[PDB]
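Worksheet: the structure to be examined is printed underneath.
A, B, ... follow the sequence lines: proteins, then strands. Residue 1 opens every chain. All heavy atoms count here, side chains included; hydrogens, waters and symmetry mates do not.
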Amino acid sequence: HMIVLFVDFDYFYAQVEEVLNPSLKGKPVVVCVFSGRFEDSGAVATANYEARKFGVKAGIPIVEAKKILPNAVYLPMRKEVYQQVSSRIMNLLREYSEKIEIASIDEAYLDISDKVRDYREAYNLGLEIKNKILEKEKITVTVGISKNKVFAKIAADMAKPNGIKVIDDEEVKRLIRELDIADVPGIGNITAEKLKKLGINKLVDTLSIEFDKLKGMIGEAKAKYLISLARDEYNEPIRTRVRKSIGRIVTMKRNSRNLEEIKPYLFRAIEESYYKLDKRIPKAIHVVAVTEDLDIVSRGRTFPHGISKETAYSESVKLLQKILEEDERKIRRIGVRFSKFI
DNA sequence: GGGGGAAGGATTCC
DNA sequence: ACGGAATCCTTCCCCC
Ligand SMILES: Nc1nc2c(ncn2[C@H]2C[C@H](O)[C@@H](COP(=O)(O)OP(=O)(O)OP(=O)(O)O)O2)c(=O)[nH]1
Ligand SMILES: [Mg+2]
Ligand SMILES: [Mg+2]
Ligand SMILES: [Mg+2]
Ligand SMILES: [Mg+2]
């Protein structure tokens, strides 16, 4: 039918930092995104397992991590460095399959269907792949294998860290009845909560609800998706994803509604967005703002032609004025998003 | 009635 | 309480 091998690097940023300076190995390490409002304002991109053990993890405020692990090593996120180490590892996986889908900066799916036969062999390719990457980049990863992407992913979540796991057809059927619906990719709190209200705490539970009811509660897309899995029929193909948006949105020292105060961060945001666009030309631009109450508002425009930096500079100000004009709150984080490339 | 698109937002964490 | 980016949903539009 189809065999899928999913790969997710371990505590990726923190692991790259250790590779670049092995002396860190053994110590708790926290990679941070310092927002700049004060001393250690900002959040944790991620931490290695040593630190993750005391609750220090992605999303919590640096200050909170500091309280728990005052003597851990705190490093600023250096996405560029990790990005290259990522590309290299992606180039290796290509040697095992042309059918490759690079999900994120740290996980990719490979269709090894017409490359291996039966799971025992798939599992072997898994080990080679792990030992390979460990050899070249000295980066440990986890591998998950199953009949479709989703389950492949879940097998890896189950196998982390530095593991490898196969979820065969018999287990897929068991998991469908056992797996907690919220442990299914694409199911966050918002959706999980709504799901409980229909008494659907497991994948299988969805097979006993009028589709119309589901659709109405969580949307057609999410419902078809879920019923599909439950039905042991989910089978999305593994295709390379193509970049559709490029943008950057920074945090200001202090909240504001003053145009001459905000402009600079905005122009800074446009600049980085363009050096990142590289040779790509966008016809759509969106100015995004995170209000003081962490709400997210946006205004944009699509031109019948590509956008030059001059046009973006000028047009973003208008959109920014539209936002202040249309929203009473102060602005906390401001930025831009370019899309609809030519 | 409904195709086709653009805009603002919701939800996910891929 | 950081932040990059995809997918999907609702509403509004113009029009045949
Ligand atoms: N800046 C930032 N980075 C994040 C955030 N969440 C995750 N990341 C980064 C850090 C990870 O190295 C990279 C991959 O994330 P994963 O969720 O797959 O976990 P990671 O590999 O970090 O640890 P793992 O051993 O898989 O549990 O994504 C976030 O909220 N902000
Ligand atoms: Mg990972
Ligand atoms: Mg990942
Ligand atoms: Mg979940
Ligand atoms: Mg994660």
Side-chain angles (χ1 to χ4, degrees), chain A residues 6-9 12-13 30-38 40-46 57-65 76-77 79-80 82-83 86 101-109 144 149-150 152-154 156-157 182-195 215-225 236 238-252 255 269 272-273 276-277 282-304 319 322-323 326-327 332-341:
Chain A
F6 169 74
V7 183
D8 182 84
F9 319 157
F12 199 48
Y13 297 1
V30 192
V31 185
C32 325
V33 180
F34 302 83
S35 66
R37 293 169 85 70
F38 59 79
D40 306 294
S41 62
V44 176
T46 192
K57 55 188 188 306
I60 82 175
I62 307 178
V63 172
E64 296 301 344
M77 187 186 73
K79 212 178 187 184
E80 245 75 23
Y82 320 133
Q83 178 43 55
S86 185
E101 178 173 350
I102 295 176
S104 72
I105 184 178
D106 105 309
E107 66 174 62
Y109 302 80
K149 269 180 294 165
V150 173
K153 162 82 94 61
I154 299 179
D157 276 327
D183 284 320
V184 178
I187 306 296
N189 324 63
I190 298 280
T191 308
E193 217 66 301
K194 298 174 187 170
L195 280 175
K215 171 168 184 175
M217 179 78 246
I218 58 180
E220 193 163 66
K222 200 75 75 175
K224 282 178 184 180
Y225 170 69
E236 291 315 296
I238 299 184
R239 299 186 186 181
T240 36
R241 291 170 187 185
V242 64
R243 197 83 97 300
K244 296 178 181 174
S245 293
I246 288 303
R248 255 49 158 183
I249 172 168
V250 307
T251 305
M252 319 193 251
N255 293 9
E272 293 171 14
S273 282
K276 272 348 210 174
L277 276 167
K283 303 196 297 293
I285 172 178
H286 281 88
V287 172
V288 195
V290 176
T291 54
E292 63 198 316
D293 63 305
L294 285 63
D295 222 324
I296 309 173
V297 74
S298 81
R299 295 298 191 282
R301 183 176 173 194
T302 306
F303 301 74
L319 297 170
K322 203 166 184 307
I323 296 182
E326 282 173 47
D327 191 88
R332 179 171 191 179
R333 308 201 293 241
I334 192 65
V336 289
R337 216 100 228 314
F338 291 100
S339 54
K340 298 182 181 184
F341 310 132

Charged N-O contact under 4.0 Å between A/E220 and A/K215: yes
Any A/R299 side-chain nitrogen or oxygen under 4.0 Å from OP1 or OP2 of B/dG9: yes
Sugar-phosphate only, base, or nothing, as touched by A/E64 at under 4.0 Å among non-hydrogen atoms: nothing
Out of C/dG3, B/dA7, C/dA1, whichever nucleotide has its closest atom nearest the side chain of A/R301: B/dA7
Distance, rounded to the nearest Å, where A/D293 contributes CG and B/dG9 contributes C1': 14 Å
Atom pair distance, as rounded to whole Å: OH in A/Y225 and P in B/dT12: 12 Å
Distance in Å, A/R299 CZ paired with A/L319 CG, rounded so as to fall on 0.5 Å steps: 9.0 Å
Rounded distance in Å - CD1 (A/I334) to P (C/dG3): 12 Å
Sugar-phosphate, base or nothing in reach of A/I246, heavy atoms under 4.0 Å: sugar-phosphate
Pairwise distance CZ(A/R301) to NZ(A/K322) - rounded to 0.5 angstrom: 11.0 Å
Length of the line joining A/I154:CD1 and B/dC13:P, which is rounded to integer Å: 11 Å
DNA chain B: 5'-proximal contact among A/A192 and A/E326 (nearest heavy atom): A/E326
Pairing partner (Watson-Crick or G-U wobble, both distances under 3.5 angstrom) of C/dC8: B/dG9
N/O (side chain, A/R243) to phosphate O (OP1/OP2, C/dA5) under 4.0 Å: yes
Euclidean distance, atom CD of residue A/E292 to atom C1' of C/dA1 [Å, nearest integer]: 14 Å
Phosphate-side-chain proximity, A/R248 and C/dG3, N/O vs OP1/OP2 below 4.0 Å: no
5'-most by nearest nucleotide on DNA chain C - A/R333 or A/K244: A/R333
Rounded distance (Å) that lies between atom P of C/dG4 and atom CZ of A/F338: 14 Å
Touch class at under 4.0 angstrom, heavy-atom based, for A/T191 against every strand present: sugar-phosphate
C/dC2 phosphate, OP1 or OP2, under 4.0 Å from A/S35 side-chain N/O: yes
Taking only nitrogen or oxygen atoms into account, show me every contact under 3.5 Å that the protein makes with nucleotides 3-5 of chain B, one pair per line with its distance.
none

Touch class at under 4.0 angstrom, heavy-atom based, for A/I187 against every strand present: sugar-phosphate
Sugar-phosphate only, base, or nothing, as touched by A/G335 at under 4.0 Å among non-hydrogen atoms: nothing
Upstream residue (5' side of DNA chain C) when A/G42 and A/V242 are each assigned their closest nucleotide: A/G42
Heavy-atom donor-acceptor pair, A/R37 side chain to A/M252 backbone, under 3.5 Å: yes
Aromatic ring pairing A/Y13/A/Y82, orientation class (parallel under 30°, perpendicular over 60°, tilted between): parallel
Sugar-phosphate, base or nothing in reach of A/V297, heavy atoms under 4.0 Å: sugar-phosphate
N or O in side chain of A/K276 less than 4.0 angstrom from C/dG4 OP1/OP2: no
Touch class at under 4.0 angstrom, heavy-atom based, for A/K194 against every strand present: sugar-phosphate
Separation between the P atoms of B/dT11 and C/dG3, rounded to whole Å: 22 Å
Residue-phosphate contact under 4.0 Å: A/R332 side-chain N/O, C/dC2 OP1/OP2: yes
A/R239 atom CZ, neighbour heavy-atom count above 12 within 6.0 Å: no
Sugar-phosphate, base or nothing in reach of A/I249, heavy atoms under 4.0 Å: sugar-phosphate
Atom pair CD/CD1 of A/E107 and A/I102 - distance to nearest 0.5 Å: 11.0 Å
Any A/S298 side-chain N or O less than 4.0 Å from OP1/OP2 of B/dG9: yes
Nucleotide C/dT7, atom P - distance to NZ of A/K224 in whole Å: 17 Å
Selection from C/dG3, C/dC9, C/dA5 that lies nearest to any side-chain heavy atom of A/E220: C/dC9
Separation of atom CZ in A/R241 from atom P in C/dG4, rounded to whole Å: 19 Å
Pair A/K222-A/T191, side-chain hydrogen bond (donor to acceptor under 3.5 Å, both in side chains): steps then yes or no: CA-CA 9 Å; A/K222 200 75 75 175; A/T191 308; 4.8 Å; no
Qualifying residue for side chain to side chain contact (heavy atoms under 4.5 Å, CB included) with A/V30, from A/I60, A/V44, A/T46: A/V44
A/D293 atom CG: more than 12 heavy-atom contacts under 6.0 Å: yes
A/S104 side chain near C/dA5 phosphate (N/O to OP1/OP2, under 4.0 Å): no
Nearest-neighbour nucleotide for the A/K222 side chain, B/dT12, C/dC2, C/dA5 considered: B/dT12
